[PDB]
Amino acid sequence: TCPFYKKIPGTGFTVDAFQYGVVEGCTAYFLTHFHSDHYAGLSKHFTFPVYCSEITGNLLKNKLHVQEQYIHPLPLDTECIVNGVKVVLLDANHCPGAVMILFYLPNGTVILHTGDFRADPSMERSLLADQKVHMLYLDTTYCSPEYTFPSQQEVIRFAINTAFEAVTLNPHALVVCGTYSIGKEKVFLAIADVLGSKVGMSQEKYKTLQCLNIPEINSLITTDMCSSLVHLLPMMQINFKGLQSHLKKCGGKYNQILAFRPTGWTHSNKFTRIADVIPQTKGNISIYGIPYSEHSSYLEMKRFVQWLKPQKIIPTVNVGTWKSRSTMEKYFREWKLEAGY
Ligand code: NI
């Protein structure tokens with residue numbers, strides 16, 4: 001049965017609530033973004049209205065085979081009416097097509113549902129600034145002070161320079177980037193752009209990318225692995241054994257691999273700045289772990305919420321245990337006392 005944190009009070013709306021079968025009273029199902037924990041349950045068998053971004057809609061049609069009649073794409077940054085209620089979709093700065101949803105309730109309450117997001121100061125000059133937001137449904141993935149990470153830009157500059165050096169030293173080296181979902185596409189796009197190459201990948205991954213409305217995409221990606229010096233593989237294959245095996249598949253065209261494993265946070269964010277990163281190396285294979293996050297750091301999340309000044313916060317991540325809910329509630333109370341709301 002559907003949780004309270006997936007329901008928008010005083011409407012017949014839900015958000016990211018596809019795994020409970022038919023939700024009693026739901027007239028419109030919103031989907032924030034195309035990551036499997038959020039879409040779980042959606043298939044060609046679904047027969048109620050789904051509201052989402054254009055990119056998400058492209059993925060629902062082509063990858064999950066949802067029938068077109070049930071997909072309702074909405075533009076960004078535009079006031080729209082759904083079942084008699086004013087809504088706005090905003091860029092979530094998460095993966096391609098990911099949105100936040102602003103609901104203007106009939107009784108005058110304003111609710112923001114972040115979906116999954118990486119808070120940014122640019123959000124403070126969006127449509128959110130035009131009126132008071134009363135209730136916040138918040139992506140709390142990294143709601144603890146130990147969770148620091150570098151900017152996306154610092155991580156991309158390190159990746160570009162690392163790849164350019166390695167391939168200029170050894171023109172027969174291949175660059176490999178791991179992936180398991182949409183998101184983090186700039187890692188492999190920026191490395192391929194510095195090397196003057198297209199990115200090569202499986203037919204299934206190419207199909208996905210061709211749904212993302214990336215300008216000039218046909219000049220950037222290919223299914224002809226041979227022709228390319230940057231390849232995509234499943235994240236599970238980014239290990240010494242998998243990378244040796246891949247090297248043997250490529251028909252001796254390369255004699256070395258440099259690989260990137262974009263992760264979330266792992267224990268060693270605590271000590272190490274990006275410039276100090278050194279790879280794990282076995283023979284002619286070297287692997288870099290790079291902390292490229294599409295979620296808010298603690299500091300980024302805190303800044304956003306202290307600017308917004310909500311009257312109530314409803315967490316949407318790590319809500320299955322008491323301990324976790326209690327710890328998050330302690331930080332929300334600190335933030336509120338510090339900022340005076
Ligand atoms: Ni996500």
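We use all heavy atoms of the structure for the numbers below, so side chains are in, but hydrogens, waters and symmetry mates are not. In this chain, numbering begins with 1 at the start of the sequence shown. One-based numbering, in listed order, for ligands and for the atoms of each.
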For residues 34-50, which side-chain donor-acceptor pairs fall under 3.5 Å, sequence neighbours excluded?
from	atom 1	to	atom 2	distance (Å)
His35	ND1	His33	NE2	3.1
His35	ND1	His94	NE2	3.2
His35	NE2	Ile182	O	2.9
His38	ND1	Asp16	OD2	2.8
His38	NE2	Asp116	OD2	3.3
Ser43	OG	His45	N	3.1

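- Protein contacts to the Ni ion (ligand 1) involving N, O or S atoms at a distance below 2.8 Å are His33 NE2, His35 ND1, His94 NE2, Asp116 OD2.
- Between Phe149 and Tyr142 there is a side-chain heavy-atom pair separated by less than 4.5 Å.
- Using modelled atom types, no side-chain atom of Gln311 and backbone atom of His134 make a donor-acceptor pair closer than 3.5 Å.
- Using cut-offs of 30° and 60° on the angle between ring planes, the pair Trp265 and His267 is perpendicular.
- At least one side-chain heavy atom of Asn170 sits less than 4.5 Å from a side-chain heavy atom of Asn255.
- Here the side chain of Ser202 pairs a donor or acceptor atom with the backbone of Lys205 at under 3.5 angstrom.
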